[PDB]
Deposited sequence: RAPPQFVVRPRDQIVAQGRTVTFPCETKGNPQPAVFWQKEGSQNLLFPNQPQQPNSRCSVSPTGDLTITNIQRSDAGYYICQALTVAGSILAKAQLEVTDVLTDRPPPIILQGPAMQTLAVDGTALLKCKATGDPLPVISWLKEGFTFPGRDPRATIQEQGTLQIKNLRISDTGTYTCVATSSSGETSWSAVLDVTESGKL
């Protein structure tokens, strides 16, 4: 009496070769839809309660999950999750992309860069920069493209730049830069210097 509907559809997935992949396909209706899967273009249907092969790396659980173990590159393509009751049908496609395994350490990340500040002449400024990464990023700075720190400035040990006794010359854009053996990233912010500071 109630057509099948999706609670959680499956979405696309890119994953390294040899890993295990699971696509949700959660469903509701009355009667309760029993989901099965089909690789697009394949004659094989994958039904929930079976022995099953056992040589097959594909299994479907009674909750609607399609688990594929030890994926190889021939498993890439589209997978259709499906359900048929006397009340209706629904299908949903999700794409599997199989990649090579690569020892690739991601580049550093700046979770919080400097923020825009208007400050007052001959005060202090601490423009912050919190980076994370493995290997661990070295922080460094630029002012309108050029390196930074003159006298008057010095980079702290968490990475915050420290400028003291500002003046109208010290306005402009300051760029945080986190770099490591795996990449660089940057995060900019403008700092204005008035005598007012407001």
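- When the deposited sequence is numbered from 1, the segments without any C-alpha atom are 150-151, 201.
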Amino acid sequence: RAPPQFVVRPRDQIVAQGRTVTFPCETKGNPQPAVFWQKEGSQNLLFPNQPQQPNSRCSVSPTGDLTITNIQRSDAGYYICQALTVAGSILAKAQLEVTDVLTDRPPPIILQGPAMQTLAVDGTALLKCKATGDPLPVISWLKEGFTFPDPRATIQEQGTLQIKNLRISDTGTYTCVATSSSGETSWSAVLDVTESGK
From here on, numbers count along this sequence of modelled residues.
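- Between the stretches 158-166 and 65-73, it is 158-166 that shows the larger average CA temperature factor.
- When the C-alpha B-factors of 103-111 and 123-131 are averaged, 123-131 comes out higher.
- Highest C-alpha temperature factor among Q32, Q52, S140, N44, as the PDB entry reports it: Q52.
- Among the modelled residues of the chain, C58 sits in the middle third by CA temperature factor in this PDB entry.
- Ranked against the other modelled residues of its chain, the C-alpha B-factor of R152 as given in the entry falls in the highest third.
- When the modelled residues of the chain are ordered by their C-alpha B factor, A2 lands in the middle third.
- Among the modelled residues of the chain, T85 sits in the lowest third by CA temperature factor in this PDB entry.
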